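Participant: Experimental structure and its sequence below.
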Amino acid sequence: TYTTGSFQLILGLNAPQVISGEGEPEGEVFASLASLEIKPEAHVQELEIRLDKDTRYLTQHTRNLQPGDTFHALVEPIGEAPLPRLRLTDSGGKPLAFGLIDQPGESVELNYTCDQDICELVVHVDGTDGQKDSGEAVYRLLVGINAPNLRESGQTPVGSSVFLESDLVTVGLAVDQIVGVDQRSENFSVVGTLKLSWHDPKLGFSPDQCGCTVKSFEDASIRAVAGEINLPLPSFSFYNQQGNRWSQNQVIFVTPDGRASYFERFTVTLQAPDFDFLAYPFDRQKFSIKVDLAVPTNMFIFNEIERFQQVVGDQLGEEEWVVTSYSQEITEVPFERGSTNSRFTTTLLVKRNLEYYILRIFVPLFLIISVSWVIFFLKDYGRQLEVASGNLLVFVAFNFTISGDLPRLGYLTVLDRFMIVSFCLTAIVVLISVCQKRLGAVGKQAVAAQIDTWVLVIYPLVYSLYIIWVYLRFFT
Amino acid sequence: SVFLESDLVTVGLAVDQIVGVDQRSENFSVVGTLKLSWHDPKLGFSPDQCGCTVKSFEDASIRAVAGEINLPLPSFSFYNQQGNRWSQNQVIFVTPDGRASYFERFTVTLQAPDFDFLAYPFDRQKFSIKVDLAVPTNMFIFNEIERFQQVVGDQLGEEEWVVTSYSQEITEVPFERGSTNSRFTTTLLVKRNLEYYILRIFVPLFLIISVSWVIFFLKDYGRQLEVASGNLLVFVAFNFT
Ligand SMILES: CCCCCCCCCCCCCC
Ligand SMILES: CCCCCCCCCCCCCC
Ligand SMILES: CCCCCCCCCC
Ligand SMILES: CCCCCCCCCC
Ligand SMILES: CCCCCCCCCC
Ligand SMILES: CCCCCCCC
Ligand SMILES: CCCCCCCC
Ligand SMILES: CCCCCCCC
Ligand SMILES: CCCCCCCC
Ligand SMILES: CCCCCCCC
């Protein structure tokens, strides 16, 4: 490949000390720059911009200009959009030029020339004349350096970009194991791996001063390395991190071309305010992992997603939570002190193990309810009363035996409501048994038999109607 | 003005989630955001000495920045903070004119000695969050309240505690070495979920009491005694459940 960088050149004429590399300037000059003999090279760039209702002000940064250079800019609307205002300022905001409306008033033009040793220019395009919400006005912006022919360029954009571009960062994340879910405080913990990669020529170095191909930094965060080497680096954080984060194998290494990458193995706890356990245990939850860059989008921005490993890893044995699907996306979110920062989000859809709850809870409850129902075939009401009294205690014993699988959230779930209804019906069975015993005692066995038939007909219908109502009110 | 004036500070606070209440130690934990803003010409600078419009400090408290730049700054503290406080996105940035602002996302645990659970579970509680400036009122003072977001935020799902109303106020409290310091107080009025307790406790208890009451219609007193003896055990079982 080729190479890039700055250089120092020493030329001598009949001065044998030059080959030592230490020749100090002397005598009268004899050579000069060749490029000064002709007209300088031009760079032209064109961009399309849109001024939304809340984005009526836009600014762009230009590369450094050497003394003697010239700067031109022009703006022309795509359609019937009104002509916006244009002006040029330095990096501090000191005004330098203002746009002029041409006699064919369909465009605004600007011009400037460089005087200082180094000039940094910023172009302002704004349409905040008033407060009208025009909508989707769109304009075409043409800008060039040493290009006085921007009116009729003819050629496609040549040279290099006039405006600075943001550094592109490739990110990737993998989840290894879900290590816990807290249902009262609404947070969960996860173990996984994170990887970042970006290219920056300012970090490149020359091998001949170290005799190596790889330079690495270990056991330090990106912020610490950036503060040590006095260069901007793409720092990040977890948006919903709770407490400190444990990290392993944290390393940053760079190549002489300037390609750098970051690696980390983490165990973190994340807050999840969106949890909803109303449909417990048939609830479905979303595990979202958010990674936000701590720099404005004009410096660094996520560009691509890398799948270095499987996003969700397989492990031996069964799990409490089963992942159904996953997704990854890159978006933009508002940032402090204006501007915008990049966000990388990984979402997991999970559900519980249904067979566990079904076999452990519902079948024994059904059997207890059946025991309470079957006793109405007997015509000896003392035995019926005794068995009902025993079955109520059996129901309470089973309820407190399974109490370990009953979350205490401060609000009702489906299981709690079902248990309450079953307990109420079981107690009503004992009440009806007492009433039938008294009726048989007074000599009205026919009424007791009729009540038995009525209960036998009614109870399963009531249970089925309650189940249908719960399904209607919680699952559709 | 002939006399010196105090610097005016704008304060705002929001609550995102109540993450826990400790009823024996009388403390609770909350997650939220805090924002401060003030104006000071002594912090102003010229752009041509840095080539930038914003000067920023990150991951540092107000006290640390004040010690580093050797200028007085409006430091603050939580009055009833228990243990250390977790902070994220902590940043201070200043404009050339001298306008400064502070931002922080916090998770803190606060002592609440005013808790009263005599009327449990029908009790109502107050959650008070107090922010006090660590400087005398002749240097800095809270002047305005900024509502950058909703004071109480909505979240998916049900909550154990339901917020009925909120309020914000600025007052003055005695300060060490005399003088006075400003205080910013946010109060939340909360109540429990009544349906949970009612349906889970009171209906079964009423049914058990009814079972014990209904047996006096019988004239066979052996059955009545047996059912009463069984119902006492059932009551004990429900109580411990
Ligand atoms: C309540 C527990 C379920 C028991 C099965 C009920 C099936 C419906 C049978 C209805 C029979 C009525 C005979 C008088
Ligand atoms: C104690 C559980 C409540 C049962 C209902 C009582 C209602 C009052 C009825 C009084 C009837 C007296 C008949 C001799
Ligand atoms: C596990 C829930 C069982 C509830 C009672 C079933 C009654 C069905 C009657 C047809
Ligand atoms: C609260 C339940 C009331 C049941 C009353 C039973 C009447 C029985 C008299 C023979
Ligand atoms: C998706 C499964 C729907 C559950 C409806 C019936 C619940 C009965 C009470 C536990
Ligand atoms: C974890 C198994 C899902 C539900 C299976 C139903 C079998 C009772
Ligand atoms: C043999 C027991 C049947 C239990 C059915 C209720 C659970 C789906
Ligand atoms: C929704 C809970 C109702 C509790 C009692 C039902 C008695 C049939
Ligand atoms: C959380 C519900 C408040 C009380 C409702 C009463 C219904 C039994
Ligand atoms: C308010 C709770 C006591 C009444 C329970 C009635 C049960 C049907």
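Facilitator: That came in fine, so what should we check first? Numbering: from 1, shown residues only, chains lettered A, B, ... in the order given. Ligands and ions are numbered 1, 2, ... in the order given.

Participant: could you pull out the strands for the stretch 251-400 of chain A?
Facilitator: Assigned by DSSP state E, counting those that start in this stretch, the strands in the stretch 251-400 of chain A fall at A:259-271, A:284-293, A:300-305, A:322-334, A:340-351.

Participant: Skipping adjacent residues, who's closest to residue A:381 in space?
Facilitator: Once flanking residues are discounted, residue A:381 sits nearest to residue A:437: 4.3 Å by CB to CB, 6 or more residues apart in numbering or on different chains. No exception for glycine: its C-beta is placed from N, CA and C like everyone else's.

Participant: Ok, residue A:396 next?
Facilitator: Take residue A:396 and drop its neighbours on the chain: the residue closest to it by CB to CB, 6+ apart is residue B:237, 4.4 Å away.

Participant: looking at the strands of the stretch 251-400 of chain A, which is closest to ligand 8?
Facilitator: Closest to ligand 8 of the strands of the stretch 251-400 of chain A is strand A:284-293 (CB to the nearest ligand atom; 23.9 Å).

Participant: Report the buried residues of the closest one.
Facilitator: The neighbour-count check on strand A:284-293 (16 or more other CB atoms under 10 Å in any protein chain shown) flags A:285, A:287, A:289, A:290, A:291, A:292, A:293 as buried.

Participant: on that earlier part again, will you turn the strands of the stretch 251-400 of chain A into a markdown table that also has distance to ligand 4?
Facilitator: Shown next, in a markdown table, are those (distance: least, CB to the nearest ligand atom, whole Å):
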| stretch | distance to ligand 4 |
| --- | --- |
| strand A:259-271 | 47 |
| strand A:284-293 | 41 |
| strand A:300-305 | 65 |
| strand A:322-334 | 46 |
| strand A:340-351 | 42 |
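
Participant: Tell me which of these approaches ligand 1 most closely.
Facilitator: strand A:340-351 (29.1 Å).

Participant: buried set for the closest one?
Facilitator: For strand A:340-351, burial by neighbour count (16+ other CB under 10 Å) applies to A:341, A:342, A:343, A:344, A:345, A:346, A:348, A:350.

Participant: Does it pack against any helices or strands, and if so which?
Facilitator: With contacts defined as 3 or more CB pairs under 8 Å, 6 or more residues apart in numbering or on different chains; DSSP states H and E, strand A:340-351 has these neighbours: strand A:167-182, strand A:284-293, strand A:300-305, strand A:322-334.

Participant: Against ligand 5 - does it have any residue that ends up touching it?
Facilitator: No - judged by CB under 6 Å from any ligand atom, strand A:340-351 makes no contact with ligand 5; its nearest approach is 10.4 Å.

Participant: What residue in the stretch 1-150 of chain A comes nearest to ligand 4?
Facilitator: Nearest residue of the stretch 1-150 of chain A to ligand 4: residue A:54, at 64.0 Å (CB to the nearest ligand atom).

Participant: That residue: neighbouring residues, count only.
Facilitator: For residue A:54, the count of nearby residues is 7 (other CB atoms under 10 Å in any protein chain shown).

Participant: do the one 3 residues further on as well
Facilitator: Applying the criterion other CB under 10 Å, we find 12 residues in the vicinity of residue A:57.

Participant: list the contacts for it?
Facilitator: Counting by CB atoms under 8 Å, 6 or more residues apart in numbering or on different chains, residue A:57 makes contact with A:124, A:126, A:128.

Participant: Tell me what it is bridged to.
Facilitator: As for beta bridges, residue A:57 partners with residue A:126 under DSSP bridges.

Participant: Which secondary structure state is assigned to residue A:160?
Facilitator: coil (DSSP: H, G, I helix; E, B strand; the rest coil).

Participant: host element of residue A:71?
Facilitator: Assessed by DSSP states H and E, residue A:71 sits inside strand A:70-77.

Participant: Tell me which residue in the stretch 251-400 of chain A sits closest to ligand 1.
Facilitator: Counting by CB to the nearest ligand atom, the stretch 251-400 of chain A gets nearest ligand 1 through residue A:373, at 3.8 Å.

Participant: That residue reaches residue A:461, doesn't it?
Facilitator: No - Residue A:373 is beyond contact range of residue A:461, at 11.7 Å (criterion: CB atoms under 8 Å).

Participant: Looking at these two, which is more packed in?
Facilitator: The neighbour comparison of residue A:373 against residue A:461 (other CB under 10 Å) goes to residue A:373, with 17 against 9.

Participant: if I pick the more buried one, what's in contact with it?
Facilitator: A:456, A:459, A:460.

Participant: export these to a markdown table and tack on distance to ligand 5?
Facilitator: Listed next are the contacts of residue A:373 as a markdown table, based on distance: CB to the nearest ligand atom, whole Å:
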| residue | distance to ligand 5 |
| --- | --- |
| A:456 | 22 |
| A:459 | 16 |
| A:460 | 14 |
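
Participant: Can you give the distance of the strand or helix carrying residue A:462 from its chain's centre?
Facilitator: Remark: residue A:462 resides in helix A:445-474, with elements defined by DSSP H and E. Here the centre of helix A:445-474 is set off from its chain's centre by 51 Å, with CA atoms, centre = their mean, to the nearest Å.

Participant: near ligand 3 at all, it?
Facilitator: Yes - for helix A:445-474, a contact with ligand 3 is found by CB under 6 Å from any ligand atom, at A:460, A:463, A:464.

Participant: quick one: is that helix near ligand 4?
Facilitator: No - using CB under 6 Å from any ligand atom, helix A:445-474 never reaches ligand 4; the gap is at least 10.8 Å.

Participant: helices and strands around that helix, which ones?
Facilitator: Helix A:445-474 packs on helix A:363-374, helix A:414-442, going by 3+ CB pairs under 8 Å, 6+ apart.

Participant: Highest mean neighbour count out of the ones you listed?
Facilitator: Ranked by mean neighbour count, the helices and strands packed on helix A:445-474 are led by helix A:414-442 with a mean of 19 (mean count of other CB atoms under 10 Å in any protein chain shown).

Participant: now that helix, how far from the centre of its chain.
Facilitator: Centre-to-centre, helix A:414-442 and its host chain are 54 Å apart (CA atoms, centre = their mean).

Participant: which helices and strands sit right next to that helix?
Facilitator: In terms of contacts (3+ CB pairs under 8 Å, 6+ apart), helix A:414-442 is packed against helix A:363-374, helix A:381-402, helix A:445-474, helix B:203-214.

Participant: And the longest one, what's buried?
Facilitator: Along helix A:445-474, these residues count as buried under the neighbour rule (16+ other CB under 10 Å): A:448, A:452, A:455, A:459, A:463.

Participant: For the helices and strands packed on strand A:340-351, give me JSON lines that also has distance to ligand 10.
Facilitator: Below are those laid out as JSON lines (distance: least, CB to the nearest ligand atom, whole Å):
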{"stretch": "strand A:167-182", "distance to ligand 10": "32"}
{"stretch": "strand A:284-293", "distance to ligand 10": "33"}
{"stretch": "strand A:300-305", "distance to ligand 10": "56"}
{"stretch": "strand A:322-334", "distance to ligand 10": "39"}
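
Participant: and of the ones you listed, who's closest to ligand 2?
Facilitator: Counting by CB to the nearest ligand atom, ligand 2 lies closest to strand A:167-182 out of the helices and strands packed on strand A:340-351; the figure is 41.8 Å.

Participant: Packing partners of that closest one?
Facilitator: Checking 3+ CB pairs under 8 Å, 6+ apart, strand A:167-182 ends up next to strand A:187-199, strand A:284-293, strand A:300-305, strand A:340-351.

Participant: quick one: the first one to strand A:300-305, angle?
Facilitator: Yep, that's strand A:187-199 we're talking about. Relative orientation of strand A:187-199 versus strand A:300-305 (axes from the mean of the first three to the mean of the last three CA atoms, to 10 degrees): 100 degrees.

Participant: Partner strands of strand A:187-199 and their direction?
Facilitator: Here strand A:187-199 is paired, per DSSP bridges, with strand A:167-182 (antiparallel), strand A:259-271 (antiparallel).

Participant: can I get these in CSV with distance to ligand 8 and mean neighbour count?
Facilitator: Converted to CSV, those look like this (distance: least, CB to the nearest ligand atom, whole Å; neighbours: other CB atoms under 10 Å in any protein chain shown):
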stretch, distance to ligand 8, mean neighbour count
strand A:167-182, 28, 17
strand A:259-271, 33, 18
